Amino acid sequence: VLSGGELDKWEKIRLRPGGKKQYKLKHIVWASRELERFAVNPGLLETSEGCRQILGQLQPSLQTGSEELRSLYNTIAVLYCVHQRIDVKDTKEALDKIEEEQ
Amino acid sequence: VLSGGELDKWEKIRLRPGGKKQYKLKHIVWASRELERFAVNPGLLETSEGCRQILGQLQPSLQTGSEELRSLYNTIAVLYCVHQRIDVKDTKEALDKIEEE
RNA sequence: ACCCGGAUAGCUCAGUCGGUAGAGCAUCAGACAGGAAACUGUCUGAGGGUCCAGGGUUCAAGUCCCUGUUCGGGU
Ligand SMILES: [Mg+2]
């Protein structure tokens with residue numbers, strides 16, 4: 001789902017801006033599982049374009065969505081910046097670079 | 001109640017194993033205070049034997065004791081390992097080194 | 001800008017009188033029933049956290065006080 005060099009990037013990112021907690025492998029695994037429970041092709045995770053399609057498919061449901069959904073949307077955003085080789089240090093930053101594209 | 005060199009060790013020990021809080025003087029003071037209310041010589045604190053005597057004297061009362069008592073018993077244990085020059089990094093280790101005997 | 005409420009296991013959430021934290025799902029391993037078998041079910045165990053960040057009170061803070069960050073809701 002992620003390359004070798006990308007993992008080392010992934011494992012450097014923090015969940016909260018000032019947090020002392022950062023992403024691990026468990027997040028990717030769990031994300032692919034929850035992707036199927038929502039009737040989505042988990043294969044779309046290993047490409048930057050696949051994530052673009054997923055993120056846009058979930059953008060609307062976010063406003064009315066549950067806390068469990070936003071969490072998923074966030075993890076995919078962070079994972080998108082890694083594929084795009086965009087450098088980010090925490091989830092907030094990832095969401096910002098994704099909104100800058102619009 | 002404590003020597004100069006022992007203090008430097010005392011104030012390095014952590015209350016909780018991974019805790020970011022460490023022992024200070026207020027703890028030793030507070031322990032001697034609670035000692036007087038129970039009719040015990042606080043002078044027994046500045047000796048390796050004095051703490052050994054207290055710790056064994058309170059072993060029974062522990063099962064039925066208050067939360068504030070456990071606290072006292074622990075603070076005294078740490079104070080014993082410092083007197084004995086036994087190396088400990090937190091209260092937990094002190095309790096372990098006392099049972100290892 | 002102001003007021004209110006959240007932040008705790010990979011995720012959603014509980015946590016009582018302050019006294020070092022639990023469940024559900026997820027992940028791993030195992031057991032039992034039916035079945036030659038692939039399999040279809042039922043239960044059990046384990047790992048996994050320092051409780052957003054920084055200070056303060058206290059012998060002792062997830063818990064009480066203040067600040068910052070952040071999310072949602074309201075005016
Ligand atoms: Mg969470």
# chains A, B, ... in the order shown; residues from 1 in each chain; ligands from 1
>>> select_by_dssp(residues="segment 21-72 of chain B", states="helix (DSSP H, G or I)", output="PyMOL selection string")
chain B and resi 25-37+42-46+48-58+60-62+67-72
>>> write_last_selection(atoms="C-alpha atoms", output="PDB file, in the first residue's frame")
ATOM      1  CA  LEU B  25      12.015  18.507  50.115  1.00  0.00           C
ATOM      2  CA  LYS B  26       8.274  18.997  50.649  1.00  0.00           C
ATOM      3  CA  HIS B  27       7.904  15.211  50.474  1.00  0.00           C
ATOM      4  CA  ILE B  28      10.428  14.511  53.229  1.00  0.00           C
ATOM      5  CA  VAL B  29       8.933  17.290  55.361  1.00  0.00           C
ATOM      6  CA  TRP B  30       5.385  15.989  54.868  1.00  0.00           C
ATOM      7  CA  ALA B  31       6.445  12.440  55.753  1.00  0.00           C
ATOM      8  CA  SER B  32       8.061  13.466  59.044  1.00  0.00           C
ATOM      9  CA  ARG B  33       4.924  15.469  59.886  1.00  0.00           C
ATOM     10  CA  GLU B  34       2.611  12.485  59.435  1.00  0.00           C
ATOM     11  CA  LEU B  35       5.152  10.517  61.479  1.00  0.00           C
ATOM     12  CA  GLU B  36       4.715  12.797  64.491  1.00  0.00           C
ATOM     13  CA  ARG B  37       0.919  12.532  64.438  1.00  0.00           C
ATOM     14  CA  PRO B  42      11.039  11.667  63.019  1.00  0.00           C
ATOM     15  CA  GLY B  43      14.724  11.359  63.894  1.00  0.00           C
ATOM     16  CA  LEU B  44      14.557   7.766  62.667  1.00  0.00           C
ATOM     17  CA  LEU B  45      14.518   9.210  59.134  1.00  0.00           C
ATOM     18  CA  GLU B  46      18.208  10.195  58.908  1.00  0.00           C
ATOM     19  CA  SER B  48      19.406   3.518  57.195  1.00  0.00           C
ATOM     20  CA  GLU B  49      18.121   1.489  60.149  1.00  0.00           C
ATOM     21  CA  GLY B  50      15.533   4.065  61.220  1.00  0.00           C
ATOM     22  CA  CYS B  51      13.687   3.695  57.921  1.00  0.00           C
ATOM     23  CA  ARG B  52      14.037  -0.102  57.994  1.00  0.00           C
ATOM     24  CA  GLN B  53      12.369  -0.111  61.423  1.00  0.00           C
ATOM     25  CA  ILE B  54       9.467   2.105  60.322  1.00  0.00           C
ATOM     26  CA  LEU B  55       8.819   0.260  57.060  1.00  0.00           C
ATOM     27  CA  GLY B  56       8.497  -3.070  58.864  1.00  0.00           C
ATOM     28  CA  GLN B  57       6.405  -1.424  61.587  1.00  0.00           C
ATOM     29  CA  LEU B  58       3.804  -0.364  58.980  1.00  0.00           C
ATOM     30  CA  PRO B  60       0.601  -4.958  58.626  1.00  0.00           C
ATOM     31  CA  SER B  61      -1.508  -1.790  58.590  1.00  0.00           C
ATOM     32  CA  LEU B  62      -1.114  -1.651  54.800  1.00  0.00           C
ATOM     33  CA  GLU B  67      -4.552   5.780  50.481  1.00  0.00           C
ATOM     34  CA  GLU B  68      -2.631   8.464  52.370  1.00  0.00           C
ATOM     35  CA  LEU B  69      -0.824   5.690  54.294  1.00  0.00           C
ATOM     36  CA  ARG B  70       0.408   3.834  51.206  1.00  0.00           C
ATOM     37  CA  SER B  71       1.824   7.186  50.091  1.00  0.00           C
ATOM     38  CA  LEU B  72       3.791   7.508  53.338  1.00  0.00           C
TER      39      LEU B  72
END
>>> interface_residues(of="chain A", to="chain C", cutoff="7 Å", atoms="only C-alpha atoms (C1' of nucleotides)", output="PDB file with N, CA and C atoms, in the first residue's frame")
ATOM      1  N   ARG A  16      -1.324  15.370  15.791  1.00  0.00           N
ATOM      2  CA  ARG A  16      -1.715  16.722  16.161  1.00  0.00           C
ATOM      3  C   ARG A  16      -0.566  17.703  15.933  1.00  0.00           C
ATOM      4  N   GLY A  18       1.091  20.129  17.608  1.00  0.00           N
ATOM      5  CA  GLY A  18       2.137  20.057  18.607  1.00  0.00           C
ATOM      6  C   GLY A  18       2.276  18.705  19.268  1.00  0.00           C
ATOM      7  N   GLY A  19       1.590  17.689  18.762  1.00  0.00           N
ATOM      8  CA  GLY A  19       1.525  16.427  19.459  1.00  0.00           C
ATOM      9  C   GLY A  19       2.864  15.725  19.540  1.00  0.00           C
ATOM     10  N   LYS A  26      -0.148   0.784  11.791  1.00  0.00           N
ATOM     11  CA  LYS A  26      -1.513   0.450  12.173  1.00  0.00           C
ATOM     12  C   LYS A  26      -2.532   1.379  11.530  1.00  0.00           C
ATOM     13  N   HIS A  27      -2.158   2.633  11.280  1.00  0.00           N
ATOM     14  CA  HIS A  27      -3.104   3.555  10.664  1.00  0.00           C
ATOM     15  C   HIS A  27      -3.407   3.150   9.230  1.00  0.00           C
ATOM     16  N   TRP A  30      -5.540  -0.160   9.325  1.00  0.00           N
ATOM     17  CA  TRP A  30      -6.903   0.132   9.756  1.00  0.00           C
ATOM     18  C   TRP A  30      -7.665   0.908   8.692  1.00  0.00           C
ATOM     19  N   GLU A  68     -16.077   9.182  13.329  1.00  0.00           N
ATOM     20  CA  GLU A  68     -15.339   8.076  12.734  1.00  0.00           C
ATOM     21  C   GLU A  68     -15.026   8.327  11.269  1.00  0.00           C
TER      22      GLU A  68
END
>>> residues_around(residues="residue 46 of chain C", least_positions_apart="4", cutoff="12 Å", atoms="only C-alpha atoms (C1' of nucleotides)", output="number ranges by chain")
C: 27-30
>>> write_last_selection(atoms="N, CA, C and O atoms (P, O5', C5', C4', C3', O3' and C1' of nucleotides)", output="PDB file, in the first residue's frame")
ATOM      1  P     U C  27      -9.583  -7.289  11.480  1.00  0.00           P
ATOM      2  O5'   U C  27      -8.109  -7.236  12.082  1.00  0.00           O
ATOM      3  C5'   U C  27      -7.072  -6.519  11.422  1.00  0.00           C
ATOM      4  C4'   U C  27      -5.809  -6.492  12.249  1.00  0.00           C
ATOM      5  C3'   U C  27      -5.253  -7.848  12.658  1.00  0.00           C
ATOM      6  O3'   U C  27      -4.501  -8.485  11.639  1.00  0.00           O
ATOM      7  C1'   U C  27      -5.311  -6.427  14.543  1.00  0.00           C
ATOM      8  P     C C  28      -4.668 -10.067  11.397  1.00  0.00           P
ATOM      9  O5'   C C  28      -3.876 -10.730  12.613  1.00  0.00           O
ATOM     10  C5'   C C  28      -2.475 -10.562  12.733  1.00  0.00           C
ATOM     11  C4'   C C  28      -1.942 -11.103  14.035  1.00  0.00           C
ATOM     12  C3'   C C  28      -2.295 -12.543  14.371  1.00  0.00           C
ATOM     13  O3'   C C  28      -1.499 -13.489  13.684  1.00  0.00           O
ATOM     14  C1'   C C  28      -2.625 -11.190  16.275  1.00  0.00           C
ATOM     15  P     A C  29      -2.094 -14.945  13.361  1.00  0.00           P
ATOM     16  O5'   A C  29      -2.185 -15.647  14.790  1.00  0.00           O
ATOM     17  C5'   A C  29      -1.009 -15.972  15.517  1.00  0.00           C
ATOM     18  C4'   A C  29      -1.329 -16.535  16.880  1.00  0.00           C
ATOM     19  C3'   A C  29      -2.287 -17.717  16.912  1.00  0.00           C
ATOM     20  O3'   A C  29      -1.685 -18.958  16.605  1.00  0.00           O
ATOM     21  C1'   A C  29      -2.967 -16.137  18.512  1.00  0.00           C
ATOM     22  P     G C  30      -2.595 -20.160  16.048  1.00  0.00           P
ATOM     23  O5'   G C  30      -3.505 -20.570  17.290  1.00  0.00           O
ATOM     24  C5'   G C  30      -2.933 -21.181  18.436  1.00  0.00           C
ATOM     25  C4'   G C  30      -3.898 -21.229  19.597  1.00  0.00           C
ATOM     26  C3'   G C  30      -5.083 -22.174  19.466  1.00  0.00           C
ATOM     27  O3'   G C  30      -4.754 -23.526  19.726  1.00  0.00           O
ATOM     28  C1'   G C  30      -5.821 -20.091  20.305  1.00  0.00           C
TER      29        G C  30
END
>>> closest_residue(among="C:16, C:58, C:8, C:67", to="ligand 1", atoms="only C-alpha atoms (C1' of nucleotides) and all ligand atoms")
C:8
>>> atom_distance(atom1="atom CA of residue 22 of chain A", atom2="atom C1' of residue 25 of chain C")
22.3 Å
>>> atom_distance(atom1="atom CA of residue 18 of chain B", atom2="atom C1' of residue 51 of chain C")
13.9 Å
>>> residues_around(residues="residue 33 of chain C", least_positions_apart="2", cutoff="12 Å", atoms="only C-alpha atoms (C1' of nucleotides)", output="PyMOL selection string")
chain C and resi 31+35+40-43
>>> write_last_selection(atoms="N, CA, C and O atoms (P, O5', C5', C4', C3', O3' and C1' of nucleotides)", output="PDB file, in the first residue's frame")
ATOM      1  P     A C  31      -5.634 -24.707  19.079  1.00  0.00           P
ATOM      2  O5'   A C  31      -6.973 -24.723  19.949  1.00  0.00           O
ATOM      3  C5'   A C  31      -6.932 -24.927  21.355  1.00  0.00           C
ATOM      4  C4'   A C  31      -8.287 -24.735  21.996  1.00  0.00           C
ATOM      5  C3'   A C  31      -9.429 -25.557  21.420  1.00  0.00           C
ATOM      6  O3'   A C  31      -9.450 -26.886  21.907  1.00  0.00           O
ATOM      7  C1'   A C  31     -10.132 -23.317  21.689  1.00  0.00           C
ATOM      8  P     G C  35     -20.740 -34.169  11.850  1.00  0.00           P
ATOM      9  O5'   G C  35     -20.020 -33.701  10.508  1.00  0.00           O
ATOM     10  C5'   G C  35     -20.787 -33.332   9.374  1.00  0.00           C
ATOM     11  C4'   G C  35     -19.938 -32.725   8.289  1.00  0.00           C
ATOM     12  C3'   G C  35     -18.647 -33.450   7.941  1.00  0.00           C
ATOM     13  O3'   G C  35     -18.837 -34.596   7.135  1.00  0.00           O
ATOM     14  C1'   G C  35     -18.218 -31.140   8.123  1.00  0.00           C
ATOM     15  P     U C  40     -16.533 -19.205   5.309  1.00  0.00           P
ATOM     16  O5'   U C  40     -17.731 -19.899   6.099  1.00  0.00           O
ATOM     17  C5'   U C  40     -18.965 -20.174   5.451  1.00  0.00           C
ATOM     18  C4'   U C  40     -20.000 -20.700   6.416  1.00  0.00           C
ATOM     19  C3'   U C  40     -20.212 -19.875   7.677  1.00  0.00           C
ATOM     20  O3'   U C  40     -21.077 -18.773   7.473  1.00  0.00           O
ATOM     21  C1'   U C  40     -19.969 -22.151   8.262  1.00  0.00           C
ATOM     22  P     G C  41     -21.042 -17.533   8.490  1.00  0.00           P
ATOM     23  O5'   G C  41     -21.461 -18.181   9.881  1.00  0.00           O
ATOM     24  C5'   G C  41     -20.815 -17.786  11.080  1.00  0.00           C
ATOM     25  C4'   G C  41     -21.384 -18.500  12.278  1.00  0.00           C
ATOM     26  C3'   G C  41     -20.798 -18.112  13.633  1.00  0.00           C
ATOM     27  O3'   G C  41     -21.262 -16.861  14.128  1.00  0.00           O
ATOM     28  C1'   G C  41     -20.757 -20.438  13.447  1.00  0.00           C
ATOM     29  P     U C  42     -22.298 -16.743  15.347  1.00  0.00           P
ATOM     30  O5'   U C  42     -21.590 -17.478  16.570  1.00  0.00           O
ATOM     31  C5'   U C  42     -22.358 -17.866  17.697  1.00  0.00           C
ATOM     32  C4'   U C  42     -21.537 -18.579  18.740  1.00  0.00           C
ATOM     33  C3'   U C  42     -20.533 -17.738  19.513  1.00  0.00           C
ATOM     34  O3'   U C  42     -21.124 -16.935  20.519  1.00  0.00           O
ATOM     35  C1'   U C  42     -19.521 -19.774  18.873  1.00  0.00           C
ATOM     36  P     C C  43     -20.442 -15.536  20.930  1.00  0.00           P
ATOM     37  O5'   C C  43     -19.219 -15.956  21.861  1.00  0.00           O
ATOM     38  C5'   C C  43     -19.455 -16.514  23.143  1.00  0.00           C
ATOM     39  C4'   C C  43     -18.279 -17.316  23.635  1.00  0.00           C
ATOM     40  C3'   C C  43     -17.056 -16.524  24.063  1.00  0.00           C
ATOM     41  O3'   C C  43     -17.186 -15.945  25.348  1.00  0.00           O
ATOM     42  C1'   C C  43     -16.379 -18.350  22.727  1.00  0.00           C
TER      43        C C  43
END
>>> interface_residues(of="chain C", to="chain B", cutoff="12 Å", atoms="only C-alpha atoms (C1' of nucleotides)", output="number ranges by chain")
C: 18-20, 50, 58-61
>>> write_last_selection(atoms="N, CA and C atoms (P, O5', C5', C4', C3', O3' and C1' of nucleotides)", output="PDB file, in the first residue's frame")
ATOM      1  P     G C  18     -13.198  14.391  44.511  1.00  0.00           P
ATOM      2  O5'   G C  18     -12.544  13.561  43.323  1.00  0.00           O
ATOM      3  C5'   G C  18     -11.783  12.399  43.605  1.00  0.00           C
ATOM      4  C4'   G C  18     -10.636  12.196  42.647  1.00  0.00           C
ATOM      5  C3'   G C  18      -9.719  11.046  43.048  1.00  0.00           C
ATOM      6  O3'   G C  18      -9.204  10.400  41.892  1.00  0.00           O
ATOM      7  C1'   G C  18      -8.489  13.062  43.038  1.00  0.00           C
ATOM      8  P     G C  19      -9.397   8.815  41.729  1.00  0.00           P
ATOM      9  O5'   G C  19      -8.057   8.209  42.339  1.00  0.00           O
ATOM     10  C5'   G C  19      -6.833   8.288  41.621  1.00  0.00           C
ATOM     11  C4'   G C  19      -5.713   7.588  42.348  1.00  0.00           C
ATOM     12  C3'   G C  19      -6.047   6.196  42.881  1.00  0.00           C
ATOM     13  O3'   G C  19      -4.924   5.334  42.715  1.00  0.00           O
ATOM     14  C1'   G C  19      -5.340   7.582  44.665  1.00  0.00           C
ATOM     15  P     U C  20      -4.978   4.168  41.612  1.00  0.00           P
ATOM     16  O5'   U C  20      -4.642   4.908  40.243  1.00  0.00           O
ATOM     17  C5'   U C  20      -3.405   5.577  40.071  1.00  0.00           C
ATOM     18  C4'   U C  20      -2.910   5.505  38.647  1.00  0.00           C
ATOM     19  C3'   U C  20      -2.728   4.111  38.062  1.00  0.00           C
ATOM     20  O3'   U C  20      -3.932   3.567  37.548  1.00  0.00           O
ATOM     21  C1'   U C  20      -0.774   5.375  37.675  1.00  0.00           C
ATOM     22  P     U C  50       1.010   7.501  24.213  1.00  0.00           P
ATOM     23  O5'   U C  50       1.987   7.222  25.441  1.00  0.00           O
ATOM     24  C5'   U C  50       2.537   8.293  26.204  1.00  0.00           C
ATOM     25  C4'   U C  50       1.501   8.948  27.087  1.00  0.00           C
ATOM     26  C3'   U C  50       2.050   9.940  28.117  1.00  0.00           C
ATOM     27  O3'   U C  50       1.221  11.116  28.191  1.00  0.00           O
ATOM     28  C1'   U C  50       0.877   8.190  29.226  1.00  0.00           C
ATOM     29  P     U C  58       0.056  23.385  47.512  1.00  0.00           P
ATOM     30  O5'   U C  58      -0.408  21.866  47.542  1.00  0.00           O
ATOM     31  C5'   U C  58      -1.639  21.512  48.136  1.00  0.00           C
ATOM     32  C4'   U C  58      -1.961  20.061  47.916  1.00  0.00           C
ATOM     33  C3'   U C  58      -0.859  19.064  48.233  1.00  0.00           C
ATOM     34  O3'   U C  58      -0.693  18.826  49.620  1.00  0.00           O
ATOM     35  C1'   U C  58      -1.857  18.500  46.169  1.00  0.00           C
ATOM     36  P     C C  59       0.787  18.793  50.251  1.00  0.00           P
ATOM     37  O5'   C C  59       1.499  17.587  49.492  1.00  0.00           O
ATOM     38  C5'   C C  59       2.823  17.189  49.819  1.00  0.00           C
ATOM     39  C4'   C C  59       3.048  15.727  49.520  1.00  0.00           C
ATOM     40  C3'   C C  59       2.524  15.237  48.180  1.00  0.00           C
ATOM     41  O3'   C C  59       3.406  15.523  47.109  1.00  0.00           O
ATOM     42  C1'   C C  59       1.879  13.727  49.885  1.00  0.00           C
ATOM     43  P     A C  60       2.840  16.165  45.752  1.00  0.00           P
ATOM     44  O5'   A C  60       1.908  15.018  45.152  1.00  0.00           O
ATOM     45  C5'   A C  60       2.483  13.848  44.587  1.00  0.00           C
ATOM     46  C4'   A C  60       1.443  12.826  44.192  1.00  0.00           C
ATOM     47  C3'   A C  60       0.378  13.279  43.207  1.00  0.00           C
ATOM     48  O3'   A C  60       0.816  13.229  41.860  1.00  0.00           O
ATOM     49  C1'   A C  60      -0.640  12.116  44.995  1.00  0.00           C
ATOM     50  P     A C  61       0.311  14.326  40.799  1.00  0.00           P
ATOM     51  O5'   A C  61      -1.205  13.925  40.519  1.00  0.00           O
ATOM     52  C5'   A C  61      -1.540  12.684  39.904  1.00  0.00           C
ATOM     53  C4'   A C  61      -2.658  12.851  38.903  1.00  0.00           C
ATOM     54  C3'   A C  61      -2.261  13.540  37.599  1.00  0.00           C
ATOM     55  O3'   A C  61      -3.056  13.039  36.522  1.00  0.00           O
ATOM     56  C1'   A C  61      -3.886  14.843  38.704  1.00  0.00           C
TER      57        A C  61
END
>>> closest_atom_pairs(of="chain A", to="ligand 1", cutoff="12 Å", atoms="only C-alpha atoms and all ligand atoms", output="JSON lines")
{"residue": "A:15", "atom": "CA", "partner": "ligand 1", "partner_atom_place_in_ligand_line": "1 (Mg)", "distance": 10.3}
{"residue": "A:16", "atom": "CA", "partner": "ligand 1", "partner_atom_place_in_ligand_line": "1 (Mg)", "distance": 11.2}
{"residue": "A:21", "atom": "CA", "partner": "ligand 1", "partner_atom_place_in_ligand_line": "1 (Mg)", "distance": 11.5}
{"residue": "A:27", "atom": "CA", "partner": "ligand 1", "partner_atom_place_in_ligand_line": "1 (Mg)", "distance": 11.5}
{"residue": "A:67", "atom": "CA", "partner": "ligand 1", "partner_atom_place_in_ligand_line": "1 (Mg)", "distance": 9.2}
{"residue": "A:68", "atom": "CA", "partner": "ligand 1", "partner_atom_place_in_ligand_line": "1 (Mg)", "distance": 8.9}
{"residue": "A:69", "atom": "CA", "partner": "ligand 1", "partner_atom_place_in_ligand_line": "1 (Mg)", "distance": 11.8}
{"residue": "A:70", "atom": "CA", "partner": "ligand 1", "partner_atom_place_in_ligand_line": "1 (Mg)", "distance": 11.1}
{"residue": "A:71", "atom": "CA", "partner": "ligand 1", "partner_atom_place_in_ligand_line": "1 (Mg)", "distance": 8.3}
{"residue": "A:72", "atom": "CA", "partner": "ligand 1", "partner_atom_place_in_ligand_line": "1 (Mg)", "distance": 11.2}
>>> atom_distance(atom1="atom CA of residue 50 of chain A", atom2="atom CA of residue 78 of chain A")
13.5 Å
>>> residues_around(residues="segment 83-89 of chain A", least_positions_apart="3", cutoff="9 Å", atoms="only C-alpha atoms (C1' of nucleotides)", output="short mmCIF file (atom, residue, chain, number, x, y, z; two decimals) with N, CA, C and O atoms, in the first residue's frame")
data_model
loop_
_atom_site.label_atom_id
_atom_site.label_comp_id
_atom_site.auth_asym_id
_atom_site.auth_seq_id
_atom_site.Cartn_x
_atom_site.Cartn_y
_atom_site.Cartn_z
N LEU A 2 2.08 1.15 0.52
CA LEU A 2 3.05 2.24 0.54
C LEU A 2 4.44 1.69 0.29
O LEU A 2 4.75 0.55 0.66
N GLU A 6 8.53 5.85 1.23
CA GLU A 6 7.35 6.58 1.68
C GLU A 6 7.03 6.29 3.14
O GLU A 6 6.59 7.18 3.88
N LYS A 9 8.85 8.41 5.50
CA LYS A 9 8.22 9.72 5.54
C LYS A 9 6.95 9.67 6.39
O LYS A 9 6.77 10.50 7.29
N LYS A 12 7.20 9.82 10.17
CA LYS A 12 7.70 11.07 10.74
C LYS A 12 6.60 12.08 11.04
O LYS A 12 6.86 13.05 11.75
N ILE A 13 5.40 11.86 10.52
CA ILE A 13 4.31 12.83 10.62
C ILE A 13 3.57 12.66 11.94
O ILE A 13 3.37 11.54 12.42
N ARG A 14 3.18 13.78 12.54
CA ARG A 14 2.46 13.80 13.81
C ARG A 14 0.97 13.97 13.56
O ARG A 14 0.56 14.66 12.62
N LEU A 15 0.17 13.33 14.41
CA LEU A 15 -1.28 13.46 14.27
C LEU A 15 -1.75 14.86 14.63
O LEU A 15 -2.47 15.51 13.86
N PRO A 17 -0.88 18.98 15.69
CA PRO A 17 0.18 19.95 15.35
C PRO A 17 1.35 19.93 16.32
O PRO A 17 2.50 19.74 15.90
N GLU A 46 -2.80 3.04 -2.94
CA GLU A 46 -1.38 2.98 -3.26
C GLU A 46 -0.97 3.91 -4.40
O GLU A 46 0.16 3.81 -4.88
N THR A 47 -1.85 4.81 -4.83
CA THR A 47 -1.52 5.78 -5.86
C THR A 47 -2.04 7.14 -5.44
O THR A 47 -3.07 7.25 -4.78
N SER A 48 -1.31 8.19 -5.85
CA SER A 48 -1.75 9.54 -5.54
C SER A 48 -3.11 9.84 -6.17
O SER A 48 -3.95 10.52 -5.56
N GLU A 49 -3.36 9.32 -7.37
CA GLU A 49 -4.65 9.57 -8.02
C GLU A 49 -5.78 8.83 -7.32
O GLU A 49 -6.87 9.39 -7.14
N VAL A 78 -3.34 12.86 4.66
CA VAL A 78 -1.92 12.69 4.99
C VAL A 78 -1.26 11.71 4.04
O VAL A 78 -0.14 11.93 3.57
N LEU A 79 -1.94 10.60 3.76
CA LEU A 79 -1.37 9.59 2.88
C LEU A 79 -1.24 10.12 1.45
O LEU A 79 -0.34 9.70 0.72
N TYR A 80 -2.10 11.07 1.07
CA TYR A 80 -2.02 11.65 -0.27
C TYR A 80 -0.76 12.49 -0.43
O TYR A 80 -0.08 12.42 -1.46
N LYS A 92 -2.95 18.64 10.32
CA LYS A 92 -3.48 19.95 9.95
C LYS A 92 -2.81 20.45 8.67
O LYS A 92 -3.49 20.89 7.73
N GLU A 93 -1.48 20.39 8.62
CA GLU A 93 -0.75 20.84 7.45
C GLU A 93 -1.21 20.10 6.19
O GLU A 93 -1.39 20.71 5.13
N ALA A 94 -1.41 18.79 6.30
CA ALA A 94 -1.87 18.01 5.15
C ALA A 94 -3.21 18.53 4.64
O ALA A 94 -3.39 18.74 3.44
N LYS A 97 -2.65 21.86 2.66
CA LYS A 97 -2.13 21.72 1.30
C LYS A 97 -3.18 21.14 0.36
O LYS A 97 -3.18 21.45 -0.84
#
>>> residues_around(residues="residue 1 of chain A", least_positions_apart="2", cutoff="8 Å", atoms="only C-alpha atoms (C1' of nucleotides)", output="PyMOL selection string")
chain A and resi 3+28+43+45-46
>>> residues_around(residues="residue 5 of chain B", least_positions_apart="6", cutoff="12 Å", atoms="only C-alpha atoms (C1' of nucleotides)", output="list in words")
residues 11, 12, 82, 83 and 85 of chain B
>>> write_last_selection(atoms="C-alpha atoms", output="PDB file, in the first residue's frame")
ATOM      1  CA  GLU B  11      15.799  15.032  43.989  1.00  0.00           C
ATOM      2  CA  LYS B  12      16.614  12.980  40.861  1.00  0.00           C
ATOM      3  CA  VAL B  82      18.907   6.631  49.187  1.00  0.00           C
ATOM      4  CA  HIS B  83      20.360   6.086  52.664  1.00  0.00           C
ATOM      5  CA  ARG B  85      23.099   4.173  48.514  1.00  0.00           C
TER       6      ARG B  85
END
>>> decode(residues="segment 6-17 of chain B", atoms="N, CA, C and O atoms", output="mmCIF file, in the first residue's frame")
data_model
loop_
_atom_site.group_PDB
_atom_site.id
_atom_site.type_symbol
_atom_site.label_atom_id
_atom_site.label_comp_id
_atom_site.auth_asym_id
_atom_site.auth_seq_id
_atom_site.Cartn_x
_atom_site.Cartn_y
_atom_site.Cartn_z
ATOM 1 N N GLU B 6 23.197 13.022 49.474
ATOM 2 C CA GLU B 6 21.992 12.208 49.338
ATOM 3 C C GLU B 6 20.858 13.005 48.709
ATOM 4 O O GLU B 6 20.092 12.474 47.896
ATOM 5 N N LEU B 7 20.739 14.286 49.065
ATOM 6 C CA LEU B 7 19.720 15.137 48.460
ATOM 7 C C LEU B 7 19.853 15.159 46.943
ATOM 8 O O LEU B 7 18.858 15.043 46.219
ATOM 9 N N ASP B 8 21.075 15.329 46.442
ATOM 10 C CA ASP B 8 21.263 15.370 44.997
ATOM 11 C C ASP B 8 20.717 14.108 44.343
ATOM 12 O O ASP B 8 20.158 14.162 43.240
ATOM 13 N N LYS B 9 20.861 12.963 45.014
ATOM 14 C CA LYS B 9 20.242 11.730 44.536
ATOM 15 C C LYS B 9 18.729 11.754 44.731
ATOM 16 O O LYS B 9 17.964 11.437 43.808
ATOM 17 N N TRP B 10 18.284 12.103 45.940
ATOM 18 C CA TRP B 10 16.855 12.170 46.234
ATOM 19 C C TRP B 10 16.105 12.960 45.172
ATOM 20 O O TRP B 10 15.127 12.473 44.594
ATOM 21 N N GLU B 11 16.560 14.178 44.890
ATOM 22 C CA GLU B 11 15.799 15.032 43.989
ATOM 23 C C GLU B 11 15.883 14.598 42.530
ATOM 24 O O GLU B 11 15.272 15.257 41.682
ATOM 25 N N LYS B 12 16.590 13.511 42.218
ATOM 26 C CA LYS B 12 16.614 12.980 40.861
ATOM 27 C C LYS B 12 15.594 11.869 40.637
ATOM 28 O O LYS B 12 15.322 11.527 39.480
ATOM 29 N N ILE B 13 15.015 11.313 41.698
ATOM 30 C CA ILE B 13 14.136 10.155 41.576
ATOM 31 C C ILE B 13 12.727 10.613 41.221
ATOM 32 O O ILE B 13 12.241 11.637 41.723
ATOM 33 N N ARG B 14 12.057 9.835 40.371
ATOM 34 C CA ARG B 14 10.723 10.162 39.889
ATOM 35 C C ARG B 14 9.676 9.447 40.732
ATOM 36 O O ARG B 14 9.885 8.311 41.170
ATOM 37 N N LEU B 15 8.540 10.119 40.940
ATOM 38 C CA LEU B 15 7.466 9.538 41.740
ATOM 39 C C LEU B 15 6.846 8.342 41.032
ATOM 40 O O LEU B 15 6.674 7.274 41.629
ATOM 41 N N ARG B 16 6.495 8.508 39.762
ATOM 42 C CA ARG B 16 5.957 7.443 38.938
ATOM 43 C C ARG B 16 7.037 6.919 38.000
ATOM 44 O O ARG B 16 7.927 7.671 37.594
ATOM 45 N N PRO B 17 6.977 5.641 37.618
ATOM 46 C CA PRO B 17 8.065 5.056 36.819
ATOM 47 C C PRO B 17 8.452 5.890 35.607
ATOM 48 O O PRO B 17 9.625 6.253 35.456
#
